[PDB]
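What follows is one chain in C-alpha cells, specifically the form deposited in one PDB entry.
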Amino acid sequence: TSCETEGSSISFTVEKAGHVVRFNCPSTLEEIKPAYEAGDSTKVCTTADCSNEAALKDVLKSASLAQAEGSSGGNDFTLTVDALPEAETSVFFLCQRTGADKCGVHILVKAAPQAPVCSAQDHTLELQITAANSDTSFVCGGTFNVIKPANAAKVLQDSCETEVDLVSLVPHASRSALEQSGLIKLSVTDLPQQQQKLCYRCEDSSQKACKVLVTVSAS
C-alpha cells in the first residue's frame, strides 16, 4: 500500500483485465510524480527514476488513474486497466515532497492471455460474459478457420443451426474480427434481461465445425 521509505520502491501487478492496483504517497512524500492529472491528461513515468515520461493513454490504451485523499495520509491512487495490453508493460511513479529523498512505485501490467482456440471437429469451446461492458474472444484456428455466420450481425441459436440477428437476443452486443489472425470478439454493454446462449461455428472448408457457445448472463 504505502510508499513510506525514502530510497525504496513498492510494486504491484495487474494480471487480469479489469483489475486494479491502489497505492499511497504518504503525507511525508505526498506528491506523486508525474504530477497528477485525471482522465486523458494522466501521465506516467516510463523509467523508474522518472527522468522519462509519457501520457498514460499512449502506454496503456484502456487504463485510468484515480486520486483520493489518503488514510496516515497524503494521497491514494487507483489504477484500473480495462483491457490488458498486447505486450507486458511497466509503468512508474515517484512519491516525493511537495514542490520537489523519494519513493518509487513500479506497476507491471501483464500481456493479455491469448485467446482460446477452436481447432477440432465437434469440440465445444464454452465462453462466458458475466458483466456489463465486457467482451470474450476466441480464434477459429487450425483448419477450422471460417467464422459462421460470416455476417457479423448474425449469430446462431446449443444445437447451433438457426441464424438470427445478434441484437435480437442481446441488444447492443456486437461481434468484431481480426481476420489475419482468426480472432473473433464478442462485446456487450448492458446485459440482456434473461440469460442467453450465443453460438458461433468455426468451420473448415468442408463445413465441419468446432462449436463456440457463449453464455451471456442476465442483468
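The numbering used is simple: start at 1 and walk along the sequence shown.
The next section is about a form of this same protein that is not shown, the form deposited in another entry.
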Of the candidates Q114, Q128, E88, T80, which marks the hinge of the rigid-body movement between the shown form and the other one? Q114
Regarding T130 and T80, go with closer or farther for their CA spacing in the other entry versus this form, the difference being 3 Å or more. farther
Taking the cut-off of 3 Å or more as given, in which direction does the distance between the C-alpha atoms of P113 and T143 change in the other entry, closer or farther? closer
